Amino acid sequence: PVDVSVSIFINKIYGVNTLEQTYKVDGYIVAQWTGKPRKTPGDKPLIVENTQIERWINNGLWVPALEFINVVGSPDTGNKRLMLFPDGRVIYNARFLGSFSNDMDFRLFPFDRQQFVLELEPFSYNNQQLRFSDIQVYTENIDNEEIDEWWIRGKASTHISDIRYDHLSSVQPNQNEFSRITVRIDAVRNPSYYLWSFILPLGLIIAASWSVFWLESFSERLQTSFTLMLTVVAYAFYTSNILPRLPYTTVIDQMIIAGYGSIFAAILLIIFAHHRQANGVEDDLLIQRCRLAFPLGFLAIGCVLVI
Amino acid sequence: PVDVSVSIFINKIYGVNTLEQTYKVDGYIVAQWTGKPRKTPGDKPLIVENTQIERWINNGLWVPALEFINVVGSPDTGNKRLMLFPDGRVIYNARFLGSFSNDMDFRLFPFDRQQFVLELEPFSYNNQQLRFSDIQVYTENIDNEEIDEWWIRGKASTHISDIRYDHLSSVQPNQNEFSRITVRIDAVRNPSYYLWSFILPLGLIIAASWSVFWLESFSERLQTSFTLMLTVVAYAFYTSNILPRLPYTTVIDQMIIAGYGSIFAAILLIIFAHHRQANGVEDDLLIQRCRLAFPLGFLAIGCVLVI
Amino acid sequence: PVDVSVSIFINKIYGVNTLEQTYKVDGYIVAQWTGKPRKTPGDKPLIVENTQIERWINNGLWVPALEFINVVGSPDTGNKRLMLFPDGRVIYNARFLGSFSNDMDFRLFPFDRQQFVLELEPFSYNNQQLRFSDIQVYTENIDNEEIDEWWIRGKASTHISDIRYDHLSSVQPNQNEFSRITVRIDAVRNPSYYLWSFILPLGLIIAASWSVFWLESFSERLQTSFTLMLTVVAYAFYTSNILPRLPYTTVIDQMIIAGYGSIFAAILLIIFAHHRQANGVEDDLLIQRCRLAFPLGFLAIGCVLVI
Amino acid sequence: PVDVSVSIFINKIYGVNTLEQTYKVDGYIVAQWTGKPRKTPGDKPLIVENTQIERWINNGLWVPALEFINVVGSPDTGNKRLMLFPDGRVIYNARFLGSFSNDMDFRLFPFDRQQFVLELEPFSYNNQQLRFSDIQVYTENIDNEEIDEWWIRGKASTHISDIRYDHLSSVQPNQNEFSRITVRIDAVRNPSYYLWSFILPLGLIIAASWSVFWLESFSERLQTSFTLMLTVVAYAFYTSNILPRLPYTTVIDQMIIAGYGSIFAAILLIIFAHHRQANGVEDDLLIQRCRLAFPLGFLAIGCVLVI
Amino acid sequence: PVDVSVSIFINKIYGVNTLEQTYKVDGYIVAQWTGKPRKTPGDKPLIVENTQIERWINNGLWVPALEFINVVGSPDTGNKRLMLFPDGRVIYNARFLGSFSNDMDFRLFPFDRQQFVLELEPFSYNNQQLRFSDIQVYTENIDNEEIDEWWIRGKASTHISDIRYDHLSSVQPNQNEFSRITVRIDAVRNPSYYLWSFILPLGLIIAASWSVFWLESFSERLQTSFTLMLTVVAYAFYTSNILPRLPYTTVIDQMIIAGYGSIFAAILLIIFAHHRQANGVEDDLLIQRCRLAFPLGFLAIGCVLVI
Ligand code: NA
Ligand code: NA
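- Its PDB record names the entry "ELIC with propylamine facing ECD inwards in liposomes with 2:1:1 POPC:POPE:POPG".
- Looking at the Sequence similarities (unreviewed entry) heading of the UniProt record, one finds this comment for chain A: "Belongs to the ligand-gated ion channel (TC 1.A.9) family."
- Quoted verbatim from the Subcellular location (unreviewed entry) heading of the UniProt record, the comment on chain A is "Cell inner membrane".

Dropping the structure here:
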């Protein structure tokens, strides 16, 4: 095969969309291989810019196509340089930009720890005609700098693997496996905004719904529970544009569900307390002892849910 | 005709839009036919990449156009390989991406069972000049993996049919029918998020509206019913961005309508109960027996609506 | 002139945007005229596909440009076939897709009856050098099938007219009028979703605002009227993303205005009833007789507004 | 210089975005100058269509570039005709579409009177090599027809001026000033929808907040004022998607601010009235005389704000 | 190297998106260098327009590529002029438009003071083959004019620096550092709309939550605090589309948090006041002295938060 070396530079990572589970990466790509020696004007290396490289392509120069596997839509490419050293090596420098997608788990919403994946693979040649030797990723711009709500940590891990595509086996008998470069950038979500925007106001609404039991009569605390129901519905709205639809439950949605359960349990408990009077003579305080036991059990439920 | 074999590979299915009734599919398409034997440099097959295939097209090579019938907009094509074996067969490999639309019924919203359809058809040649022999679809990437809220099950069924277009009969006398490939991927919606987001809170609001009848006087339970009306209006909003406009009623909208009917029936029943006093001496408890009969009838209504 | 025949096929009509007053139409266009006899390889007709037709255009072939007058943006064209019979006729087949706009009246919102208009006109030649003979529109796909909330009825009416453009009269002395094809598809809005989403809940809120008059004291029914005011404001929001800004009033906005008028009339009537006491001794029941007259007058107002 | 005459035809003006302060204009542009006499096939004028004009451009024909100065993004051009009379004049007909921006003042929101501006200017040649002689604008399609909420009045005024660009003075010593065509279409906003959607419901909320003073005790009218506060907050939302952020205040936002001021002034006045009792014996009616003076002063404030 | 002079003209700055932290800049770019003397038709300088410059590029003319480093997506370029003086200098004039991004700090939201940065850098040549001599930026259009909510002050500062890219060091041994032009436009946010839209209504809600303590009994002031809680939740929504997610807290979000803290502190204080009665005989006024001390402490907290 023809040995190809890749050097991916990353300019910035921006536009992290946690709802669509995509992110947008800017930077440059530098491929480099070795071919037959050629003649260039003078000892200086030759530069071929964009919209004129096609003359060299039709002239007979072997130039591979690099595509990104996990991209959404076409990569919005810009400039492309094909510079030619006269000793033989051909360097293809291009600027890439596109929306990349990943699995992006959400088992813990506010304290999330994710990774950003770039997968690079030639479109045409299998690994017996183009093998990737190595990649060095220079993430010097975003090495320890904070992007939106994400605090990037560590270097970018590199890997080379041989992926196999079975759909090409109808036309290629044996040699139909492709060279993979995957580039991983670990990213940890910064939980501060969520900490002072959702989990603390929801806990305070939980305490306000706890404080229903301190009342003295029926209709006043039913109206208190109903106007607490309305504001729990209000916080049920604000999470609709913060995470997508998930099969499981995150921290915030479990807290919403716990709030609904606590308020309707309080309403059912007060309804049962009023229903305890068979003839309208019995006082209702014996079941009203959960002023100092419902918060303890709810705290225990939260403590179990933490671990 | 010229026999053409298709092998569609599917990379991922993403961006399922249940409101616009479209979905976006990434993957590759591999067409293959057989032509006259040709001379290639060496015994190796020849590779022609993108933006240089037009030289072979103007040079005189017969290369069909594959279009997707059910696509929204132009398919955002990327790379395209035309590789040439020297024995005669010509292989057209291309990467396709676009928004496909389907009928996408919504008789049951949270427990939906849909399918994803890809329809492939040549743009120019009728079946007497291009007949599709077979298709093998390799859905190995999404075979049993979960995409957003959709849990994909089974393989992808394949079919070949001859569709007929009457609009072309003005220029072609008899032979004006086209070759169809349809590819079907069955998909079942995962009902968990809806189960703990809409149907359970709405049932709890239904029980809260049931609990109006336990009060003792007029204005307190009218205010209770009105503040329950307000939060049913609040849940009437949250469904406005979850399904499109439908002629029929789904489960969730029938539950909204049932909630409105139950609350206004309670208000009318209490209004009638107060209106029962002709001279202000009659007690109002005889019609107030629906504390243990309105939930039973409402449960029966729900049970009828289930089947 | 050169006689041109058009056969427009319509694949589907989708993405009906009632706010922007545009709609998106997919399908094919087939133009056909007659020219000088030519020589083709063999007795079979010649096929010229996309991205190679420009060789025949620069070679000297007369091929008109068909544009859509009422389009928003450029029509997102795809494939284009120029097939050549050897007897002389030249057929230009193209696939068109774009957002078309129309007047789209809204005098009755839920029971709307609209039409979809496609206007076709050559860009360059006036009717003395290109005259449209006839059009046959094959709307076989959407002939009696329901698209989103629109139930399409009937065939598509056809017309040929000669439109005149005065702006071209500065450069052409007399012959400056163009050939028009307009294609009309009548469409009736299906009122079911609106019937069980807006007009019925609003009428029930109207009845709830009627039920204010059954109370016995002041502040309780003022609070009842205010919490009904809040939910009428809540329904004033839901119509903000269903129709655009109109100079006139539809059914639903007239019902909103009637709800505001009824609630504030009830508040003013109760304020006047309390203000009737000059010295705090007079009872307030004489003006409170509108329990059985305000619904009758409001029903009469609705009955007048219907016709 | 070379004298150029322009005839701009306007098809429709649509998509008026009052938030982004842009609007979208469809129509055609017709440039015309005079050059050397040429030979054409026959006495008929020659027509050159799109995607073949570049042969005449590379062949040596002088064809200027017309750009729109106030455009947002590139103008989405479509067809372009370059027709050649054999006497010498060369006519460049093109179809233009793009988002144009203007200052778009908002001192009076519902009774706005704006204008739509098209600025046309050559990209390359200064006025000593291309001078615009005149423009005639044919606004016959939208001459007295209503677009969305805008009622277009009058003709379109025309102007020719010589704009000067200082940034080009580094490379051109003296002659560096360009020819301007500005085309102005006056447009008056139709205030009906706003009249029955915002200013009337807000005045009715103002009257409802006036009616707090008719109560007899404390907590009932505090709760009345608070539930009026909530619905004034509700109307504070609906204006967030109707106008952009402005440094000044429009009519509707001044009415919101007046509503907040009136409600909190009522709350402070009632708080002061309750605080007037030093020992709990004094009656609170002397300061409660603003039942018939607060509306008069508020009407006077509105009357001052009108002029 | 080849000395290049740049003159950037700025037409307007529009579409400032404070959520995505990007802004869109229109204007022109004028590059200029000096090459070998050439022959042109006549003594006049030669003009080469768009879509014909590629003939001169393939003909052998050295023309650099100018890219913007901090751009989001490809710059939506339009026309491009390459004018040739016959003495030797070659001028490349182009029109640029794109979304540029910057750090855009938000430590003070309503009284923000930001800057707009344009970074220009050649794509291919390092500073030993293309060195930027100077830039003069002509910001004459937006010199002291107000764009949306931003009041632009001062001139645009200019700078030339030599940036170094390590990712290119794999292919270039020593000389791998690029020439930077950065152009800075200082911009101050106009705080008026925020002043009368958020900070004043929130302070008035704060005073309304202060006025809870003037009541006489329990359930009335609990209901007052709960209906104030609901409208603080309502203002918690309106800030969700005004700034993005930030790790820190701005002025408005600190005011929201202070409002939540004050209301729940009032609820806890009243709960403690009711809980002070061990046997139901003690009066609750001793802890109710914060009618004139809670506003003072809250004002002190605000005063500390200001500096
Ligand atoms: Na909303
Ligand atoms: Na009460």
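1. A look at the arrangement of the chains
- There is no contact between chain A and chain C; across them, the least C-alpha separation is 12 Å.
- One finds no contact linking chain A with chain D; the least C-alpha distance across the pair is 12 Å.

2. Structural notes on the interface of chain A and chain B
- On the chain B side, the residues contacting the 45 residues of chain A number 55 residues.
- Together, the buried faces of chain A and chain B total about 4,600 Å²; carbon and sulfur atoms form 61% of this surface.
- Its largest share of buried area at the contact with chain B, chain A owes to A:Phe123, A:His167 and A:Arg245, together 18% of the area lost on that side.
- At the junction of chain A with chain B, the criterion picks out 2 salt bridges.
- A salt bridge links A:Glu67 to B:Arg95; the shortest N-O distance between them is 3.0 Å.
- The tally of links between chain A and chain B comes to 12 residue pairs in polar contact.
- Elements represented by at least two residues in the side of chain A that touches chain B include exactly helix 1 (53-59), strand 4 (66-68), strand 5 (71-72), helix 3 (218-238) and helix 4 (251-275) of chain A.
- Element by element, the count of residues in the side of chain A that touches chain B is highest for helix 3 of chain A, at 10 residues.
- When its residues are assigned to classes, the side of chain A that touches chain B shows 26 nonpolar, 13 polar and 6 charged.

3. Focus on helix 3 (residues 218-238) of chain B
- With 21 residues, helix 3 of chain B extends 31 Å between its outermost C-alpha atoms, agreeing within 8% with the 30 Å of an ideal straight helix rising 1.5 Å per residue.
- Judged by how many residues are buried, helix 3 of chain B sits mostly within the fold: 20 of 21 residues are covered.

4. Topic: the interface of chain D and chain E
- Facing the 45 residues of chain D at the interface are 55 residues of chain E.
- Carbon and sulfur atoms supply 61% of the area buried between chain D and chain E, which totals about 4,600 Å² over both sides.
- When residues of chain D are sorted by the area they lose upon contact with chain E, D:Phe123, D:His167 and D:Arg245 head the list and together hold 18% of the total.
- Inspection of the chain D/chain E interface yields 2 salt bridges.
- In this structure, the connection of chain D to chain E is made through 12 residue pairs in polar contact.
- For the side of chain D that touches chain E, the secondary-structure elements that each account for two or more residues are helix 1 (53-59), strand 4 (66-68), strand 5 (71-72), helix 3 (218-238) and helix 4 (251-275) of chain D.

5. A short note on the domain arrangement of chain A
Residue and element names in this part refer to chain A.
- Each assigned domain of chain A is listed here: domain 1 (1-190) and domain 2 (191-307).
- Computed over C-alpha atoms only, the centres of domain 1 and domain 2 are separated by 51 Å.
- If you look at the interface, domain 1 gives 12 residues, while domain 2 gives 15 residues.
- Contact between domain 1 and domain 2 buries roughly 1,300 Å² in total, counting both sides, with carbon and sulfur atoms accounting for 70%.

6. Focus on the relation of the copies chain A and chain B
- In screw terms, the move from chain A to chain B is a rotation of 72 degrees and a rise of 0.0 Å along the axis, fitting with an RMSD of 0.0 Å. Expressed as an axis order, the relation between the two copies is that of a five-fold axis. Residues of chain A ranked by C-alpha distance from the rotation axis are headed by A:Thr227, positioned 6.4 Å from it.
- In this assembly the copies use different faces: only 9% of the residues contributing to the interface of chain A also contribute to that of chain B.

7. Comments concerning the pattern of salt bridges
- Enumeration over the complete set of coordinates arrives at 55 salt bridges over all chains.
- Here A:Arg189 and A:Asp112 are joined by a salt bridge, their closest N and O atoms 3.9 Å apart. Remark: A:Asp112 occurs in the loop between strand 7 (89-101) and strand 8 (113-122) and A:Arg189 occurs in strand 13 (residues 177-189); sequence separation between them is 77 residues.
- Under the relative-accessibility criterion, A:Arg189 is labelled buried at 2%.
- A:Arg276 serves as the salt-bridge partner of A:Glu282, at 2.9 Å between the closest nitrogen and oxygen.
- With a relative accessible area of 26%, A:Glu282 lands in the partly exposed category.
- Residue A:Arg276 is classed as partly exposed on the basis of its relative accessible area of 25%.
- Shared partners join several salt bridges into a network, and the residues in it are A:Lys12, A:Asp26, A:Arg95 and E:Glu67.

8. Brief notes about the relation of the copies chain D and chain E
- Between chain D and chain E, which share one sequence, the superposing operator has a rotation angle of 72 degrees and an axial displacement of 0.0 Å; the RMSD is 0.0 Å.
- An asymmetric contact is evident, with only 9% of the interface residues of chain D recurring at the interface of chain E.

9. Some points on the packing of helix 3 of chain D against helix 4 of chain D
All names here are of chain D.
- Their axes nearest at 10 Å, the elements helix 3 and helix 4 cross at an angle of 165 degrees. Judged on the interaxial angle alone, helix 4 and helix 3 are roughly antiparallel. Here the hand of the crossing between helix 3 and helix 4 comes out left-handed. Counting all contacts with helix 3, which are made through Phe218, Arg221, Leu222, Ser225, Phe226, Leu228, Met229, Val232, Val233, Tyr235 and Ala236, the residues of helix 4 involved are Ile256, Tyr260, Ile263, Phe264, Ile267, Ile270, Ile271 and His274.
- Of the residues that constitute the contact of helix 3 with helix 4, the class distribution is 16 nonpolar, 2 polar and 1 charged.

10. A closer look at the packing of helix 4 (residues 251-275) of chain C against helix 2 (residues 192-210) of chain D
- Running from N to C, helix 4 of chain C and helix 2 of chain D point in directions that differ by 15 degrees, and their axes come no closer than 11 Å. On the basis of the axis angle, helix 4 of chain C is roughly parallel to helix 2 of chain D. Considering the relative orientation of helix 4 of chain C and helix 2 of chain D, their crossing is left-handed. Taking contact as the criterion, the partners of C:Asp253, C:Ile257, C:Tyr260 and C:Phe264 in helix 4 of chain C are, on helix 2 of chain D, D:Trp196, D:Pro201, D:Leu204, D:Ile205 and D:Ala208.
- A per-class count over the contact of helix 4 of chain C with helix 2 of chain D returns 8 nonpolar, no polar and 1 charged.

11. Quick word on the state of the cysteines
- For the coordinates displayed, the defined rule picks out 0 disulfides over all chains.
- For B:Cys303, which is in no disulfide, the shortest distance to another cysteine sulfur is to B:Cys290 and amounts to 19 Å.

12. Examining the packing of aromatic side chains
- Applying the stated criterion across every chain, the model contains 105 aromatic pairs over all chains.
- When the centroid spacing of 5.3 Å and the interplanar angle of 80 degrees are considered together, the rings of B:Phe68 and B:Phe100 count as edge-to-face. Linking B:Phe68 in strand 4 (residues 66-68) with B:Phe100 in strand 7 (residues 89-101), this pair joins segments that are 32 residues apart in sequence. Just as B:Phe68 is buried, B:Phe100 falls in that class too.
- With 5.5 Å between their ring centres and 50 degrees between their planes, C:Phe109 and C:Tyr194 make a pair best called tilted. One end of the pair, C:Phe109, is in the loop between strand 7 (89-101) and strand 8 (113-122); the other, C:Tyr194, is in helix 2 (residues 192-210), and 85 residues separate them in sequence.
- Given a relative accessible area of 0%, C:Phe109 falls into the buried group.
- Of the residues examined, C:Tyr194 reaches a relative accessible area of 1% and is grouped as buried.

13. Some points on unusual backbone geometry
- The residue A:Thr51 is not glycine, and still its phi comes out positive at about 50 degrees.
- You can call A:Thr51 partly exposed: its relative accessible area is 43%.
- Although it is not a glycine, B:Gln21 adopts a positive phi angle of roughly 60 degrees.
- Of note, B:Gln21 is situated in the loop between strand 1 (2-17) and strand 2 (22-34).
- A relative accessible area of 17% means that B:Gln21 is categorised as buried.

14. A look at the environment of D:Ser169
- Along the polypeptide, D:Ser169 turns up in the loop between strand 12 (157-164) and strand 13 (177-189).
- Looking at D:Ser169, its side chain comes within polar contact range of the main-chain oxygen of D:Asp166, at 2.5 Å.

15. Points about the environment of D:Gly280
Residues and elements named next belong to chain D.
- One can find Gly280 in the loop between helix 4 and helix 5 (294-306).
- Under the relative-accessibility criterion, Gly280 is labelled exposed at 60%.
- For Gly280 and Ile91, which are 189 residues apart along the polypeptide, the C-alpha to C-alpha distance reads 92 Å.

16. Overview of a nonpolar patch on the surface
- Judged by side-chain polarity, A:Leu108, A:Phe111, A:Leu195, A:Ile199 and A:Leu200 come together as a nonpolar surface patch covering roughly 420 Å² of accessible area.
- Assessed through its relative accessible area of 31%, A:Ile199 is described here as partly exposed.

17. Comments concerning the environment of E:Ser5
Residue and element names in this part refer to chain E.
- Mapping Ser5 onto the fold places it in strand 1 (residues 2-17).
- On a C-alpha basis, the gap between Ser5 and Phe132 in space is 6.1 Å, while along the polypeptide they are 127 residues apart.
- Ignoring anything within four residues of it in the chain, the contact list for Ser5 reads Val30, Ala31, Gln32, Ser133 and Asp134.

Rules behind the numbers
- Residues numbered from 1 in each chain as written, not as in the entry; some residues may be left out.
- Chains lettered and ligands numbered in written order.
- Heavy atoms only, no water.
- UniProt positions renumbered as here; feature names shortened; annotations may be inferred.
- Contact = heavy atoms within 4.5 Å.
- Buried area = accessible area lost by both parts, 1.4 Å probe.
- Salt bridge = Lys/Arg side-chain N within 4 Å of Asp/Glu carboxyl O.
- Polar contact = N/O pair within 3.5 Å; in protein donor to acceptor, adjacent residues only side chain to side chain.
- Helix = DSSP H or I, 4+ residues; strand = E, 2+ residues; numbered from the N terminus.
- Nonpolar A, V, L, I, M, F, W, Y, C, P; charged D, E, K, R; others polar.
- Expected span 1.5 Å × (residues − 1).
- Buried < 20%, exposed > 50% of the residue type's maximum accessible area, 1.4 Å probe, protein only.
- Domains from an automatic or database assignment.
- Least-squares fit on C-alpha atoms.
- Axes fitted to C-alpha atoms, helices over the stretch in contact; angles between N-to-C directions.
- Parallel < 35°, antiparallel > 145°, perpendicular 65-115°, else oblique.
- Left-handed = near helix turned anticlockwise from the far one by under 90°.
- Disulfide = S-S within 2.5 Å.
- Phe/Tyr/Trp six-rings, centres within 6.5 Å; stacked < 30°, edge-to-face > 60°.
- Patch = residues over 30% accessible without salt bridge, like charges linked within 9 Å, V, L, I, M, F, W, Y side chains within 5 Å.
- Areas by Shrake-Rupley, 256 points an atom, 1.4 Å probe, with all protein chains shown as cover.

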